[PDB]
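Here the entry's author numbering is used: the first residue of the sequence shown is 1, the next is one more, and so on.
This report concerns only the one structure given below.
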Amino acid sequence: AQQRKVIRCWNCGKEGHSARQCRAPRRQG
Ligand SMILES: [Zn+2]
Numbered sequence: 001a002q003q004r005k006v007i008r009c010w011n012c013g014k015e016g017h018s019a020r021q022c023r024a025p026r027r028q029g
């Protein structure tokens, strides 16, 4: 429900958003 899991998006390498949420690199995010 609240989904509280700090994650370092592998996309660019930032923490606070999953790959799909990381709109930096174009690849599932
Ligand atoms: Zn990121």
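Virtual Cβ for every residue (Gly too), placed ideally from N, Cα, C.
Cβ of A24 versus every heavy atom of ligand 1: is any distance shorter than 7 Å?
-> True, at least one ligand heavy atom lies under 7 Å from that Cβ.
What are the residues that DSSP puts in a beta bridge with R8?
-> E15
CB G16 to CB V6, shorter than 8 Å?
-> yes
Going by beta carbon distance, what residues of the same chain come within less than 6 Å of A24, once the five residues before and after it are set aside?
-> The residues are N11, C12.
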